[PDB]
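Here's a solo chain for you in structure tokens, the form deposited in one PDB entry.
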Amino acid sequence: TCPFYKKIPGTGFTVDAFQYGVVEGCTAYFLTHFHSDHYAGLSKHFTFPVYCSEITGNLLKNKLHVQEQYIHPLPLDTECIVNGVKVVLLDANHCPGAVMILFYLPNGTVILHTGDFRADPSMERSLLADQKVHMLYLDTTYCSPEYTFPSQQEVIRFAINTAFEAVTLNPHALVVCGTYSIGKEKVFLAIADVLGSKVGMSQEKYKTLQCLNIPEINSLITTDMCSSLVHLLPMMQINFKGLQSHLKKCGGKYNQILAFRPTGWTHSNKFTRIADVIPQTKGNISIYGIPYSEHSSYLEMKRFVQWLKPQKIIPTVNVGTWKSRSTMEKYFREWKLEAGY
């Protein structure tokens, strides 16, 4: 049944709750972003109001064929009324179209639902600075102190420098980048920009990217693989067998593959710096795992929460085991005693 951490008290609303059938008492279903564990259940047969960003609404119409009459896109950073309740959508710094949602309950309670997010100090100057938040529904994906990772900027500088050096040393090398969802577009777009190429990809992935309102996108991507020297493949294909196979397909145009797997966290992060990352190599194929995250590190999460000073935290991730729930509750209490709220 629908878990309590997907329901907004004092309203008829749910958040990211499309896989439970008709949730009794729900008058409006919000969707924070277009990732499959969150939209699971939606299709052209859905007949209740969906509230989302404009980009998420484009993906629902074009990829899932949800009918237009049930898609209710909202602008960001704008007070809107939904079924009698004031709401605001804020940029979550996750994937394209991802939002956090502020609910202003009739009784005076204010609720923030982060959806999935990567906390940032810029959020401390949004509409969140303007009133107190009582309850926080928090993306706790990486809520443990082992989870450190570099800035997105540091990771893209490493990728651009590695790719540019490899292709200038060997003009017959191909660059491949893995993907299985929206998000992390800066990785393949920044590498193609430094090389003077478009990114080549499948018709399905090209359609997805054309839903994202990314400026000048027609200048950056293509379905013509032959003209491109940065290719996107399914993340599953980013291994030695899948890559050797791909290289056969290119008909002797290339003699070397340099591949990137933008993972979340990997336990080389506890030891190794970004400067010190090395690939796995077999023959003329090399694979780099790069720690490009679209979720908060531990420290980023902690700063946001100590700034916000909520009265109550409701975790939305890692909630399925008693040891994970107890560990997170211990960190929340540490943060509150340290900061004095």
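Start at 1 with the first residue shown and count on from there.
Separately, the form deposited with a small molecule bound exists; it is not shown, and the next lines address it.
265 is the sole member of 158, 265, 206, 104 with a non-hydrogen atom within 4.5 Å of the small molecule in the entry with it bound.
Interface residue remark: residue 201 is not counted as part of the site for the small molecule in the entry with it bound, having no heavy atom within 4.5 Å. Mapping the unseen interface onto this chain, residue 79 falls outside it, with no heavy atom inside 4.5 Å of the small molecule in the entry with it bound. In the entry with it bound, the small molecule lies farther than 4.5 Å from every heavy atom of residue 176. Shown alone here, residue 154 lies farther than 4.5 Å from the small molecule in the entry with it bound, counting heavy atoms only. The stretch that touches the small molecule in the entry with it bound, counting heavy atoms within 4.5 Å, is 139 to 147, out of 193 to 201, 139 to 147, 80 to 88, 226 to 234.
Heavy atoms of no residue among 269, 272 and 274 are located within 4.5 Å of the small molecule in the entry with it bound.
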